[PDB]
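Structure, as structure tokens:
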Amino acid sequence: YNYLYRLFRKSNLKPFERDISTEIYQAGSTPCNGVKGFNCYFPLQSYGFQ
Amino acid sequence: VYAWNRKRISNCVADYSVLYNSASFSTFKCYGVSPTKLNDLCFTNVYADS
Amino acid sequence: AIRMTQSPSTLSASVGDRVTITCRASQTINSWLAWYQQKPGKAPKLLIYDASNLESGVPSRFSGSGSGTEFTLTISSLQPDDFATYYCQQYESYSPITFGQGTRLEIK
Amino acid sequence: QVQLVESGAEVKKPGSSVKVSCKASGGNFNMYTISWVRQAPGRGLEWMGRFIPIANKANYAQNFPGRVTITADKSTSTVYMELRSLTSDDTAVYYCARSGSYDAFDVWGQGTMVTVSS
Numbered sequence: 446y447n448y449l450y451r452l453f454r455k456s457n458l459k460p461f462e463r464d465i466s467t468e469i470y471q472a473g474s475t476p477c478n479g480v481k482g483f484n485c486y487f488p489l490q491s492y493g494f495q
Numbered sequence: 347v348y349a350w351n352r353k354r355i356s357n358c359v360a361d362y363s364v365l366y367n368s369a370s371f372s373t374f375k376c377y378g379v380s381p382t383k384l385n386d387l388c389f390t391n392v393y394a395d396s
Numbered sequence: 001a002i003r004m005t006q007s008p009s010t011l012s013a014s015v016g017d018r019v020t021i022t023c024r025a026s027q028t029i030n031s032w033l034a035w036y037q038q039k040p041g042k043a044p045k046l047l048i049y050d051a052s053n054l055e056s057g058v059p060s061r062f063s064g065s066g067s068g069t070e071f072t073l074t075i076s077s078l079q080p081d082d083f084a085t086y087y088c089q090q091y092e093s094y095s096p097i098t099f100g101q102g103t104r105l106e107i108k
Numbered sequence: 001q002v003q004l005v006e007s008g009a010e011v012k013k014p015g016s017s018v019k020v021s022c023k024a025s026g027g028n029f030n031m032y033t034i035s036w037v038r039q040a041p042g043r044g045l046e047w048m049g050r051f052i053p054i055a056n057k058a059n060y061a062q063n064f065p066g067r068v069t070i071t072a073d074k075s076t077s078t079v080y081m082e083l084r085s086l087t088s089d090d091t092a093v094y095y096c097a098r099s100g101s102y103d104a105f106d107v108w109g110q111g112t113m114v115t116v117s118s
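Residue numbers (the deposited numbering), protein chains in the order written: chain A, 446 to 495; chain B, 347 to 396; chain K, 1 to 108; chain J, 1 to 118.
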């Protein structure tokens with residue numbers, strides 16, 4: 446699980462741009478305030494290679 | 347569950363955001379498409395297996 | 001389940017000498033191997049990771065080498081503070097992680 | 001400076017169950033995995049299981065089929081490891097280790113002494 450890919454972002458990356466922000470992505474109207482839950486998703490998702 | 351009801355939905359406008367922010371749905375896992383992008387796409391048919 | 005074997009299990013040496021510890025694996029675990037140091041009554045602390053790197057804060061006298069199936073931990077200048085039990089991890093398969101049998105270093 | 005604090009010493013009877021805790025303080029809890037390592041007296045370290053916060057999954061050692069069930073509360077960054085069917089051979093210090101950055105147990109908890117006897 447050391448390899449993580451970003452799954453949610455506001456806008457597509459510009460060419461050759463690194464964004465390593467792990468702030469919770471707000472997918473709904475209600476603010477998340479740094480707490481993941483309903484309409485609040487952690488942007489990074491692991492692969493889990495076996 | 348062994349006799350799950352299947353309903354075919356077509357020829358209509360689906361407000362997926364309204365359905366999303368309607369109640370306390372314990373799971374909204376969308377595979378193959380982000381939930382927020384659903385209003386930007388068109389589907390030939392929608393099957394509602396309940 | 002990958003089995004880890006250490007050699008020697010018990011070793012004795014004096015201050016300032018050279019100490020070599022061999023921890024041999026059963027399967028090819030590439031270079032995924034960590035060396036620890038557990039003084040009695042204390043939680044083990046990381047010394048070597050990836051079988052060659054040095055953990056931050058660890059004295060430079062600790063050096064690790066080896067890859068594949070046989071690895072080696074070597075201390076350039078043994079110190080009185082460096083007498084404890086050293087284990088080797090095999091973080092190449094997480095089902096289950098197997099530590100070493102324990103290499104206790106004693107004052108000669 | 002990430003610090004891991006566990007629960008107090010636990011004394012149980014054979015055939016019962018125990019559940020220790022590991023409070024993760026500092027850093028990001030959603031990326032580093034917490035692994036439980038036990039050490040019986042007079043014996044080397046032994047690995048029990050791993051909790052994977054990023055994938056919300058829990059793994060257990062092959063030598064412990066169904067004996068270990070690991071859960072955690074991501075809101076409070078506290079990891080709970082449950083061991084079932086305690087016996088006389090399960091008297092060991094149950095450390096929790098953070099396999100951070102390079103998959104190595106860089107940060108170790110203080111360790112709780114779990115004693116199983118009559």
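Even for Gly, the Cβ is constructed at its ideal location relative to N, Cα and C.
| Check | Outcome |
| --- | --- |
| Straight-line CA distance for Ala84 (chain K) to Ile2 (chain K)? | 25 Å |
| For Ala55 (chain J), return the contacting residues in chain A, with the cut-off set at a CB-CB distance below 7 Å. | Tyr446, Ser491, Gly493 |
| When DSSP labels each residue in this structure, what does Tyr362 (chain B) get in the three-state scheme? | helix |
| In chain A, which residues lie with their C-beta within 7 Å of the C-beta of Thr33 (chain J)? | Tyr446 |
| Run the CB neighbour count on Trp35 (chain K), radius 10 Å, all protein chains shown included, and call it buried at 16 or more, exposed below. | buried |
| Are there three or more Cβ pairs, one per stretch, closer than 8 Å when the region 3-18 of chain K is compared with the region 57-67 of chain J? | no |
| The beta strand (DSSP E) spanning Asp73 (chain J) covers which residue range? | 68-73 |
| On a CA-only basis, which of J:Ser88, J:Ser117, J:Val116, J:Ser101 is nearest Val2 (chain J)? Give me that one, please. | J:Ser101 |
| Counting only beta-carbon atoms, is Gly482 (chain A) nearer than 9 Å to chain B? | no |
| Might you give, ordered along the chain, the residues of its own chain that have their beta carbon closer than 6 Å to the beta carbon of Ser14 (chain K), omitting 5 neighbours on each side? | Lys108 |
| Once the 5 residues before and after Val392 (chain B) are set aside, which same chain residues still bring their CB inside 8 Å of it? | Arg354, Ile355, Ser356, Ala360 |
| Give the interface partners of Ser474 (chain A) over in chain B, defined as CB-CB distance under 8 Å, in chain order. | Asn367 |
| Return the chain-ordered list of same chain residues with a C-beta closer than 8 Å to the C-beta of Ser85 (chain J), the five sequence neighbours on each side being excluded. | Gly15, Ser17, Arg67 |
| On a Cα-Cα basis, can you pick out the residue from J:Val107, J:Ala24, J:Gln110, J:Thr87 that is closest to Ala72 (chain J)? | J:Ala24 |
| Where do the N-terminal and C-terminal ends of the beta strand (DSSP E) with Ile355 (chain B) fall, by residue? | 352-355 |
| Using only the alpha-carbon positions, how far apart do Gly41 (chain K) and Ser77 (chain J) sit? | 27 Å |
| Comparing the C-beta of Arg67 (chain J) with each C-beta of chain K, is any distance below 9 Å? | no |
| Hey, does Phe453 (chain A) have any beta-carbon neighbour from chain J nearer than 9 Å? | no |
| If the cut-off is 9 Å on Cβ atoms, which residues from the region 92-115 of chain J count as contacting chain K, listed in chain order? | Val93, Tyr95, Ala97, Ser99, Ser101, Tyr102, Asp103, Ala104, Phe105, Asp106, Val107, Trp108, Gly109, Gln110, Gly111 |
| Does the beta-carbon of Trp108 (chain J) have 16 or more other beta-carbons within 10 angstroms, so that it is buried, or is it exposed? | buried |
| Taking residue 501 (chain A) as the reference, which of A:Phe487, A:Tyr492, A:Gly493, A:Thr475 has the closest Cα? | An answer regarding residue 501 (chain A) cannot be provided, because it is not within the stretch 446 to 495 covered by chain A. |
| Please list the terminal residues of the continuous beta strand (DSSP E) segment that includes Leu45 (chain J). | 45-52 |
| Let me confirm a value: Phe389 (chain B) is counted as buried when at least 16 other C-beta atoms fall within 10 Å, else exposed. Which label applies? | exposed |
| Which value, in whole angstroms, describes the spacing of the CA atoms of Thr87 (chain J) and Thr33 (chain J)? | 28 Å |
| Could you say which of B:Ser370, B:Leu365, B:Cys376, B:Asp395 lies nearest to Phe483 (chain A) if we only look at CA atoms? | B:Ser370 |
| Is there contact between the region 58-78 of chain K and the region 4-14 of chain J, where contact requires at least three CB pairs shorter than 8 Å? | no |
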